[PDB]
Structures are given as C-alpha cells and as structure tokens.
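Given next, in structure tokens, is a single chain: the form deposited in one PDB entry.
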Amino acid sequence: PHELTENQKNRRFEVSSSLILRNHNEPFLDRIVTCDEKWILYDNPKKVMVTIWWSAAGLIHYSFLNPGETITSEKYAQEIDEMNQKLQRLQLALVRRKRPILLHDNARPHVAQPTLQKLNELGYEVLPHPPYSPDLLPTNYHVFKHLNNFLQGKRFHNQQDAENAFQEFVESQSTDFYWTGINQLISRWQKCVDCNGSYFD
C-alpha cells in the first residue's frame, strides 16, 4: 500500500519470477480465467457492485449484486458455479481443451472455505498471487482501467442506467480486448522482477 514493506516486495518478486519461468516452460496464459469486483457509482443505495469473469478468449460472465450489497463467500461460490456453466458452453466447440486456472486476488471473501471448496470441486487450480498487487491483476490494470475512462463524467439515476452503461462498455470493446490484457502479464511480471518487487507504475 502506502509503501510496500521489504517482505511484501520479496513476495511480489518471488511470485512474478516463478510465473514467468512457469509460463516459459509450460505456457498457461490461454487457460487463465480471471475476475474482480467493482462498485459502479450512479453519479461519477446509490452504488451497485459488478463482478466480471473473463479469459483471453473473451468475456465469460458478469452480474450485478443488489444495490449497496457486497459479495459474500457463499455468493462468490454461487457466481463461480454460474461462470463455470457459461465457460463449459463456450469451450463446446474447441478441438482441444485443458482445465482453467483462476487468477484472482486475496480479498477475504475470495479466500474463504465455501469458495475454496467450490474451486476444488470444479477442478480449478488457483494461480499464486502476492498481496497488494493490483498491478498484476488484469481486471484491475486493464478492464477496470478502461472502464473508469469510459465512466468518467457520466451520471445515472437508476441501477438500470448504470448496468446499461456497463453493457455498453462491454459491447464497445474490440474482440481482442481481453486477449491483449492477458498478454500483458508477462511484461508486468518481468517489470516486477526488474524492480526487485517494487511497484513499477
């Protein structure tokens, strides 16, 4: 946060380095499914949280919670289940399929037992992720970065208008938008290693 501690930098360096090496030896970028949550303000209740799930192939699933509501582990487990059904439908026509790997952050609902049991049940390996590293999370450094630009200066009276604006943002992206975001992971891991685990931007 305000300043990475020595240990926090070490953990970032460690994980980034291993992910680069792992990917070099056995490429896994195209198996990654990633996700995150964001508050969408009506003016930018009066807040609705969106969660979004995606891979290099494209958008997989997103859903809004009830206004003002925050996500729980039981509900994340539910979303995981919904996402996974949607994912299975997308892979329907692939000539060659391999199990997905989840990349998400250590948010507390993300790291609790109902969620973990669900990931284990569905067969999702979870990628190592060091704390305080939004700069290594593609939903944060890529999707939400661009969403913020898109939202900046808009107003909404209703949740409908907010959700509608979110859908327009989705519908507005190039087909390769997610693909590009995931491709960025390697240079970001490398930059982290290059800065000895500090932030780099």
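All residue numbers are counted from 1 along the displayed sequence.
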Of the deposited residues between residue 44 and residue 45, the number without coordinates is 10 or more
For 62-70 versus 24-32, entry-based mean Cα B-factors point to 62-70
State which stretch shows the higher mean Cα B factor in the entry: 5-13 or 178-186.
5-13
Among 101, 87, 94, 119, where is the Cα temperature factor highest, going by the PDB entry?
94
Out of 173, 133, 51, 160, residue topping the C-alpha B-factor column of the entry
160
Of the three thirds of its chain by CA temperature factor, lowest, middle or highest, which one includes residue 164?
highest
Third assignment of residue 114 from its chain's C-alpha B-factors:
middle
Which third of the chain does residue 126 land in by C-alpha B-factor: lowest, middle or highest?
lowest
Within-chain third of residue 151 by Cα B-factor, per the entry:
highest
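We do not show the form solved in complex with a partner chain, though everything after this point is about it.
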Does the partner chain get within 4.5 angstroms of any non-hydrogen atom of residue 60 in the entry with it bound?
yes
Residue contact check: residue 55 to the partner chain in the entry with it bound, 4.5 Å heavy atom:
yes
Could you tell me if residue 175 has a non-hydrogen atom within 4.5 Å of the partner chain in the entry with it bound?
yes
Going by a heavy atom distance of 4.5 Å, is residue 90 a contact of the partner chain in the entry with it bound?
yes
